[PDB]
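Student: Before anything else, here's the structure in question.
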Amino acid sequence: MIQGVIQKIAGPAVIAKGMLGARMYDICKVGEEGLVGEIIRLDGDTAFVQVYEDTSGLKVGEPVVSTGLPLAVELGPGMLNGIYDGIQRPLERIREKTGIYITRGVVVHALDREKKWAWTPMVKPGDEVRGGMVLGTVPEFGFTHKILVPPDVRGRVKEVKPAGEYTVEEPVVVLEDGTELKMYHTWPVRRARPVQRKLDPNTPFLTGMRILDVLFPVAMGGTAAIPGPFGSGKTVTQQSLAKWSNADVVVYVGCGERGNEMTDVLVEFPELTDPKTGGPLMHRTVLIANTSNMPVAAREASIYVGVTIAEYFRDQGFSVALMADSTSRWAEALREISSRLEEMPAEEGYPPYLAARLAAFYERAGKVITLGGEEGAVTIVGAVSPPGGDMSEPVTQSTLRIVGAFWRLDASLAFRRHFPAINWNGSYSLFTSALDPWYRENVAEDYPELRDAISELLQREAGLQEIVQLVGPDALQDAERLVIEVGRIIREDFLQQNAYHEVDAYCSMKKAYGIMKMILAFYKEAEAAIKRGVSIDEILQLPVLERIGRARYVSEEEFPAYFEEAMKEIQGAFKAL
Amino acid sequence: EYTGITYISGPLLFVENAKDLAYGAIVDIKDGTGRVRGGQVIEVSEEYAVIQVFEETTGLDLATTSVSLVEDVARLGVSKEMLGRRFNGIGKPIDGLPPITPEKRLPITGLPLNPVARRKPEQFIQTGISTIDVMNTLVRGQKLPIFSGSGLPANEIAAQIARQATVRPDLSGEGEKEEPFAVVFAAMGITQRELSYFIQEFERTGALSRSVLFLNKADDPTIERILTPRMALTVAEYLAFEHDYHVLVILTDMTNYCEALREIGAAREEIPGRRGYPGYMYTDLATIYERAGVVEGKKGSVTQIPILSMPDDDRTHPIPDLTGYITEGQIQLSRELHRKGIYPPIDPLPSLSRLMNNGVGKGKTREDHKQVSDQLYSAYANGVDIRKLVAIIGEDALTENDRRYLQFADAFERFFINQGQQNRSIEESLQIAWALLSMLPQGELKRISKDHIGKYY
Amino acid sequence: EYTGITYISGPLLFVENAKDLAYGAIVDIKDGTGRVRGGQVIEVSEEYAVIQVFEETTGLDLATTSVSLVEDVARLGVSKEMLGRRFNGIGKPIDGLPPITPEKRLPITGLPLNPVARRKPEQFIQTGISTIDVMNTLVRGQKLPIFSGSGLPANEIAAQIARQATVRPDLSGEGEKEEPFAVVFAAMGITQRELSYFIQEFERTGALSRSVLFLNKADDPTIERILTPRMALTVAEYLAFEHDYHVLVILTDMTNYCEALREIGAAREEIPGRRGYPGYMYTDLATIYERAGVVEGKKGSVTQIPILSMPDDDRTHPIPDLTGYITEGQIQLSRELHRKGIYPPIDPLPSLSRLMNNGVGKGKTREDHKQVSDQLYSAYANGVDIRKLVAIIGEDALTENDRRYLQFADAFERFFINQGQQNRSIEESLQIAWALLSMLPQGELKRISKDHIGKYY
C-alpha cells in the first residue's frame, strides 16, 4: 500500500516521512536492503520506526515499501516442533538463508509454510463454525494440535477437504460467507481472548522434585520466580521441570541469555524425554527463544509473541508450561530504544513503562475458562537474573508483590548431590493459603496436615546444627537428639534425588505423599521411644530406615507394594525392641 | 468537534486548538480500527491540547479519527441500591451481572469537605481481631496506614476484617442504624495475587448483601488505577452523610497507584522522582485523604483505612515514607512473630496511635478501655526490651523486676496476639486482659491507678 | 560544497547536504591546512549530519567544506596474510608490512552467529597454568572474564601467560596442528610503557609469526578506539571458522572502550546510563563476544577472554553487570596473593568458572581429574580460615588438623598457584596437586575416591 522516504537515521531507529494514514505494526522494508522494521508511533506526516537490524551504508531518502496493514501473530500448523524466534519468524529458515552468521536484508516468513502438514477435518460443508473451540485438527506425529478458528468468526463453511497432507498456504477449507481462510489464522499481538469466568487453580502440582512441589504448591495458573543469576546449579530445576511436570505443552523463551549455556539446552532438548510422548520432549515444545546475538528489538518484541501463542493452546484444553527466562535483561532493549525517544528512563535507571508491561505479563496468564469453554493453564517460571541479588533494582521489587512465589536455591545445598537444593528460609509461596481447600479435596485428606507439620523439622534443625551440637548430640537432651534421628529419613529419603537416575527423578503425588507420611509415623514412634528410654544406637540401625530407601529407587510401580510392607515395618520395629 | 490528530502516542496526544474544551472533560475517539476510547482533557490549549489516552498505542490510525466532546467533566451514577452489592470494574461495571440504574447522576471528581464542617469522633468500630482495636483503638477519627511489608501478605489481613467488623448499639459508640453491615473497598490497583485471592472471599464474606468492592479487575489499562479511587469514594460520600451511614474505605496497595501515576509524569515532564517515585504524589492524594474526617451537622462518615505494603523490609524507598508524612502515625504487623507461626502477627513496636481516648470513653465502650489503652503497650514493650540487654553482657542481665515483665511478653504472645480468625468482642478482650495484668503486682501500675483494679481482676 | 557548518565545538560537526551521505559511512574532509581526515558519519538526515573527525578538530575552516565521497557502504578487508604481523591502532606499519589484504569490502558488523548453527563445547585449551585449567577447565569457545582491580597492573599478568600458553589437547588424541596457537589481541587506551612491554614478550621467544597485534595507544583519538576491534573481528571470522584455525582473542582495558563510546552516543541523542557509563553499551558489547561458541561442522572457532578493571572488583556500576550476563564465570584477584608474588592471583570461594566439565571428560585431561578438580576447591578454601589466625586463637588452643592446614596453604600458593613463567601441561600441573596432598592423611581427603587414590597418591 503505502510508500515513503527516509528523513533521519538515528542509529538502529529511523524516522521517515511519506507514511501517513498508516497502521501501527508492519512487516516493513526499510530501504532497498530490506532491514526488518516496524512502523510505531507517528507524529504528523512522519513517524518513528524501530528497525530491528543495523545499518552500514543506508542513504537518506530512499524508498520504503511497507504493508499498510497491522502485523498480527500468525498461528497454524508447524508451530509445534518448529524452531522460531520472538519476532514470529522461523529460526531455521534463517540459518538456511544466512549460513553460519546472520546477514542483513535476509527476511523470512512467519510460519513453517514450506512444509505439507497433515490434515483431517472436524467440520463439513454447510455447517457453521463456532469460534474459540474448534475448526479441524492436524495430527502431528510429535504432538496433536487443534487448529481452531478464533472467536466471533461465525457463518457457514464451504468446501472442506478430506484427509491428506496439505500445505499451509493451500486451502483445506473455505468460508461460504467470505473471508476464506486456509489453515493459518491471525490474531492481534497485544489483544487477548476474553473469558467466561476467572477460575482458580486446583490441578495438583508435581514438577518431579520433592520439596519443590510438595512443600510449596503454587498449582497450575500460579506465577513463580527463581531469583539470583541463572547457571551455577540453577539449571537443575528448569530442565527437569518440563520433563516430569503435568503440562501438555512446553514453551521455552529467552531474552538475553548466555552463550555456550543457551546452546547446551537446545542440543540436549530432544534427548530430554517425556513419558507421555515416550521419546523426544522437542515434540511438544515450541521454541521462540532469543539471545543477544539476535537484533536490538528482538528482546523488546519477545514477551507478547509467546504470551499470545500460549493462549492458543489454552483454548484447545492444553496446559502450557512457559519459562520467561532473563526477565531482567528484557528491559535492556526497551531502555536503549526509549533513550532515543521522549520516553527516557525516569524510574531507577529503567523505563517507568517497565512497570506496566511487567505487571500485565502476569495478569494475562493463569487457569481460566475461555470462550470455547476449555481450560488450560499458563504457568510462568520467572528467572529474573538480577546482578547482585538486590531489591533496589525495578524488576525485583515489582515482581515481588505481583507474583506470589520466590524459589531461592542455595549453592551449598547444591554442591553435596542431593536435589532439590531449595533454601527454605529464602523461599516462600503466598499461593499455599488459598490452595489448602483444593489440595485436600482432590489429592488426599491428610495431605496438607503432613506438609505444614513436618516443615518444623528443618526449623529446629537449622538453629540446632550451628554450634549447639558442636559437642556431639550424645551430650544433649533426648528431646534435642530426637531431631536428628527423624533428620536421617528427611535427608536421605525426602530430599535426596538424582538427575542422573531416571527411576527416582520420576515422581508423582502417590510417591511423595507416602514418603512425607512415613516420617510423621516415625516421629510418632521416635518420640515414644524416648518416653520409654529406647537407645539411640539401635533406632539408628533399624531395618525401617532402609525400607524407605529402596522405595525411592522405583518410580511408582513398586511403590504401592513397598508401602504395604514399609508402613507396618515401622509399626513392628519399635515394638520389636 | 476536531478532525485530525498530529501525534499518535500512548499516554497523551495532540488535538489541534480548543474553544469549548473544559478541563477534565470527557471525549470520545473512534480510532478508525473499529475501536473506541475516551479520556480526560487535562490541559487545554489553542495550540495543542493533549487528551488522556485510555489504552496502548497500537490500533490507531490517521485514516479516520475524530475527537468529540461528550460531557463537561466526569460524572456517574450512585444508586441507593449500591450498598449490598459488588460493582467490580468502572464506567460500565462488570461484576458479571447487569449494572444497577444510575439513579442520581452527580460528579465523581470529588466534593470537598469544609474544615469547619468537622466535629470530634464519637464512634468506635468493634472489629474481631482484638489486639488492634484495644491498644491502637480503631476509631474513625484516625486513618493510620497498616503496613504489611515484604513476605507478609496484604490480602489475608484485609480479608479477615471484612466480615469480622460488627455493630452494637453502644459498645461501638453509635447505634446500629448509624452503622450498617455495608462497607466500601477502593482499589489503588490490584494485582495477580490480590485478585486470585479475593475471588473466594466474595462468596464467603457476602459481597451481595453487606459489601461493595470496586475493583480495577487487575487487567484494565493503567490510567484506570488513577480513576477508581476517587470514583469509588464520592459514591459512598453521598449515602454516608446525606442518607446517614458509617462506611469505611478499605484501600489496597498504593504501590500500583505510583506505578500507573508515574508514566503520566515522564510523558508531561513534571517531577516524577522524589527518590524514585513521584514528587507530585501528594497533590493528587489531597482529595483522597481529605474526606477521611468526621462531619459536623450530619451523621455518618467516610474513613480511609490505608493498607499498603513495602517493596523492602526497610523504609528507604518513597513508598511508605511519603505516606507517613501525608497521613498520621503508623500501625504495622512486621515479621517478628510471623516466622514462628503466630497469626495474625501484630507488632506495634514502632507504632503510633494518634487518638485512643477520643471516639471511645468510659461507657461508650467499657470503663477500663480508656485505662488499659497505654498499659498493655509499655508492659509488653518492656518485655522485649529485656531480651536485648541480656545477651549484651554474657547471656543474662535480668533481675526479679525483670522476671515479671519478661513473662508479661509470653502472656501477651500466644494467649492474646494469636487468635485464628475468631471473632472477639470488646468485652471478651478487656475482661480477660486484666487477668493477664495479674502477672505484675497490681494496684500501682504505670498508667493505671486504684480505680479499675478492684473492679477488674 | 558540503557547507552548513554549525556547532564545531570539539570533534562534533554538523553539515547540511547530507542527502548524499549514509549512516555507517566514512568520508574525506578537505580544508586549506592540507590535512586529509576521516571520521564516521552518524545521525544523518537530508540536511544536518554528525561527523566526528579522525584526528582532532584543528583545521576545520569555512573556506573548504567539500567531501570526496569515499564510500557509503562500510569497507573492511577480510585478510588471510595477517597471521604473523604487528600493527598498532587501526592498522598502521610497525614492521613495515601493509595494513591489510583485500578479498572483500565486508561491513564492520555483518550481524553475529546464528544460534542454530552453534554446537556444544567438546574440546579444551591449555594456557600453561595450573589452577585455571585443572580446577576450572577453559573450554571451547568459552567466554571467561577476568575481573581485575585498579592500582594493580592488569596488563603484565595478561601477557605473562602469553608464552606460557601453548595448548595441550594431547591427552584427548588431537595435536596443536589441529589446534594452533593464534593470539589476536585488541586493546585500546594503553600506556606508553605497557604498549612496548607487550611487543617485548612476543619478540622474546617465537610466537609473533603466528599472531597479530592491534593496540590503539592512549594518544590515538577516541574515535579510532571503537573501530579497532571490529576490524580484526571481521578478519577473525575468516581465520578460525573458514581456515579451521583456533584463535584466542584477548582484549585488555574495557574502561577506555566504554568511555570513548559514550561521547559518540551522547551526540546521536542517546542518554547515558547508570553511574554515567552508557546504556546502549549492551548491544555493541554483545557483537564482539558473540563470535565465540563452536559452530556445526567447523572445528575451529574463537575462544573469548576479555579483561576489564573495576575499583576493587565491586559490582556497583555497569562494567561488570553487563558483561556478566553474556559471559560466564568470573575470576577476581586477591591482594594477599599478588603482594606475596603468587601469580596469577585467583581467590578461593570468590572464584569459579561456570563450565568446567562438558568440554573435558575422563582420560581427556586424565580420569582422576574429575574429583581432583573439586578437592582443591574445598581443600584450599579450608586453609584460608587460619592463614592469619594462629595468635588470634592464641597458643591456648591449637589443634593438629587446622595446623596442618596452614602448611598446606603455604605450599599451595608457592607451588601450585604460582609456577613461574615455566611452561606446564595437564599432566605436570596434576603432579603438583597430588604431591602436596600427600602430607595430608587419607582422613582429610574426602572429595577424591579410593579408586583415584589407587592410581596416584
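Within each chain, counting starts at residue 1; across the C-alpha cells, chains are named A, B, ... in the order shown, with ligands numbered 1 upward in that order.
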Report as JSON lines: every residue of chain A with an atom at most 7 Å from chain B, its closest pair of atoms, and their distance in Å to one decimal, counting only C-alpha atoms, with rows sorted by chain and ascending residue number.
Tutor:
{"residue": "A:20", "atom": "CA", "partner": "B:62", "partner_atom": "CA", "distance": 6.8}
{"residue": "A:21", "atom": "CA", "partner": "B:62", "partner_atom": "CA", "distance": 4.4}
{"residue": "A:22", "atom": "CA", "partner": "B:61", "partner_atom": "CA", "distance": 5.8}
{"residue": "A:23", "atom": "CA", "partner": "B:61", "partner_atom": "CA", "distance": 5.6}
{"residue": "A:24", "atom": "CA", "partner": "B:58", "partner_atom": "CA", "distance": 5.7}
{"residue": "A:41", "atom": "CA", "partner": "B:8", "partner_atom": "CA", "distance": 5.3}
{"residue": "A:42", "atom": "CA", "partner": "B:8", "partner_atom": "CA", "distance": 5.1}
{"residue": "A:43", "atom": "CA", "partner": "B:7", "partner_atom": "CA", "distance": 4.2}
{"residue": "A:44", "atom": "CA", "partner": "B:6", "partner_atom": "CA", "distance": 4.3}
{"residue": "A:200", "atom": "CA", "partner": "B:196", "partner_atom": "CA", "distance": 6.7}
{"residue": "A:343", "atom": "CA", "partner": "B:267", "partner_atom": "CA", "distance": 6.7}
{"residue": "A:346", "atom": "CA", "partner": "B:266", "partner_atom": "CA", "distance": 6.8}
{"residue": "A:347", "atom": "CA", "partner": "B:276", "partner_atom": "CA", "distance": 5.4}
{"residue": "A:348", "atom": "CA", "partner": "B:276", "partner_atom": "CA", "distance": 5.8}
{"residue": "A:352", "atom": "CA", "partner": "B:263", "partner_atom": "CA", "distance": 5.6}
{"residue": "A:353", "atom": "CA", "partner": "B:263", "partner_atom": "CA", "distance": 6.3}
{"residue": "A:355", "atom": "CA", "partner": "B:259", "partner_atom": "CA", "distance": 6.1}
{"residue": "A:360", "atom": "CA", "partner": "B:219", "partner_atom": "CA", "distance": 6.7}
{"residue": "A:362", "atom": "CA", "partner": "B:192", "partner_atom": "CA", "distance": 6.6}
{"residue": "A:363", "atom": "CA", "partner": "B:192", "partner_atom": "CA", "distance": 5.6}
{"residue": "A:397", "atom": "CA", "partner": "B:311", "partner_atom": "CA", "distance": 5.2}
{"residue": "A:402", "atom": "CA", "partner": "B:191", "partner_atom": "CA", "distance": 5.7}
{"residue": "A:403", "atom": "CA", "partner": "B:193", "partner_atom": "CA", "distance": 6.5}
{"residue": "A:404", "atom": "CA", "partner": "B:193", "partner_atom": "CA", "distance": 6.1}
{"residue": "A:434", "atom": "CA", "partner": "B:197", "partner_atom": "CA", "distance": 6.8}
Student: DSSP on the backbone, then: every residue of segment 450-506 of chain A marked alpha helix (DSSP H), written as a ChimeraX atom specification.
Tutor: /A:450-454,456-468,478-492
Student: Find, counting only C-alpha atoms, the residue in A:99, A:125, A:345, A:560 that gets nearest to residue 117 of chain C.
Tutor: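 Smallest separation from residue 117 of chain C among the options: A:99.
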Student: Give the strand (DSSP E) residues of segment 16-134 of chain A, as DSSP finds them on the backbone, and put them as a PyMOL selection string.
Tutor: chain A and resi 16-17+29-30+35-43+46-51+58-59+63-65+72-75+116-121
Student: If we count only C-alpha atoms, what is near segment 546-551 of chain A at a cut-off of 7 Å, once residues fewer than 2 positions away on the same chain are taken out, given as a count of residues only?
Tutor: 8
Student: Set the distance at 10 Å and use only C-alpha atoms: which residues neighbour residue 288 of chain C once local chain neighbours fewer than 2 positions away are removed? I'd like the list as a ChimeraX atom specification.
Tutor: /A:293 /C:109,112,229-230,233-234,249,283-286,290-292,304,306
Student: Quick one: residues within 9 Å of residue 61 of chain A, only C-alpha atoms counted, chain neighbours fewer than 2 positions away excluded, as a list in words?
Tutor: residues 4, 5, 6, 7, 8, 16, 31, 59, 63 and 64 of chain A; 19, 45 and 46 of chain C
Student: What separation in Å, quoted to one decimal, exists between atom CA of residue 139 of chain B and atom CA of residue 373 of chain B?
Tutor: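 About the pair atom CA of residue 139 of chain B and atom CA of residue 373 of chain B: they are 13.1 Å apart.
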Student: Find the residues near segment 377-382 of chain A: any atom within 7 Å, counting only C-alpha atoms, skip ones fewer than 6 places away on the same chain, and give them as JSON, numbers by chain.
Tutor: {"A": [220, 221, 222, 223, 224, 225, 226, 310, 314, 319, 320, 321, 322, 323, 324, 325, 365, 366, 367]}
Student: Would you save the residues of that selection, restricted to C-alpha atoms, as a compact mmCIF listing (two decimals), in the first residue's frame?
Tutor:
# COMPACT_ATOMS: atom_id res chain seq x y z
CA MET A 220 -1.34 -24.65 37.55
CA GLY A 221 -2.00 -20.96 36.93
CA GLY A 222 0.36 -19.75 39.66
CA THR A 223 3.39 -17.45 38.95
CA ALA A 224 6.72 -18.14 40.27
CA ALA A 225 10.27 -16.88 40.23
CA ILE A 226 13.73 -18.30 40.69
CA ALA A 310 0.21 -19.77 24.89
CA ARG A 314 -5.01 -22.83 26.44
CA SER A 319 -1.89 -26.60 29.66
CA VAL A 320 1.33 -24.93 28.61
CA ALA A 321 4.48 -24.63 30.51
CA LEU A 322 6.11 -21.20 29.80
CA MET A 323 9.53 -20.29 31.06
CA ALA A 324 10.09 -16.43 30.89
CA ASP A 325 13.81 -16.54 31.38
CA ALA A 365 -1.55 -15.71 32.47
CA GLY A 366 -3.30 -18.14 34.71
CA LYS A 367 -6.00 -21.01 34.72
Student: With only C-alpha atoms as the counted atoms, please give the residues lying no more than 12 Å from segment 67-70 of chain C, apart from itself and same-chain residues fewer than 2 positions off, as a ChimeraX atom specification.
Tutor: /A:57 /C:1-3,15-18,20-22,24-31,36-41,51,64-65,72-75
Student: For the selection you just gave me, I'd like the residues written to a file as a compact mmCIF listing (two decimals), in the first residue's frame, keeping C-alpha atoms.
Tutor:
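Writing done, so here's again-v1.txt:
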# COMPACT_ATOMS: atom_id res chain seq x y z
CA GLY A 57 25.57 2.32 4.36
CA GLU C 1 30.06 22.20 -1.17
CA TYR C 2 29.14 20.32 1.99
CA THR C 3 28.82 23.61 4.00
CA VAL C 15 26.79 19.79 7.85
CA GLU C 16 23.98 20.18 5.52
CA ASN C 17 23.66 18.38 2.25
CA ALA C 18 23.99 15.06 3.95
CA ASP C 20 24.25 12.18 -0.36
CA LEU C 21 25.55 10.50 2.70
CA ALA C 22 24.61 7.35 4.68
CA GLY C 24 27.76 3.75 8.59
CA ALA C 25 29.79 5.85 6.16
CA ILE C 26 33.21 7.44 6.39
CA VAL C 27 34.28 10.43 4.06
CA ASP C 28 37.36 12.58 3.33
CA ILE C 29 37.04 16.15 4.53
CA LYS C 30 39.16 18.81 2.74
CA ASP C 31 40.49 22.03 4.21
CA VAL C 36 43.00 14.98 4.88
CA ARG C 37 40.93 13.40 7.76
CA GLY C 38 38.07 10.87 8.11
CA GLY C 39 35.65 10.24 10.97
CA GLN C 40 32.43 8.33 10.72
CA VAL C 41 29.21 9.82 9.52
CA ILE C 51 30.67 13.72 11.73
CA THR C 64 36.61 24.41 2.07
CA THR C 65 33.95 22.13 3.38
CA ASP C 72 28.65 4.95 1.94
CA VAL C 73 28.95 1.18 2.25
CA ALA C 74 31.30 0.14 5.10
CA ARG C 75 34.56 -1.18 3.77
Student: Do you have the atom CA of residue 349 of chain C-atom CA of residue 135 of chain C distance handy?
Tutor: 12.1 Å
Student: Report the distance between atom CA of residue 360 of chain B and atom CA of residue 374 of chain B in Å, rounded to one decimal place.
Tutor: 13.8 Å
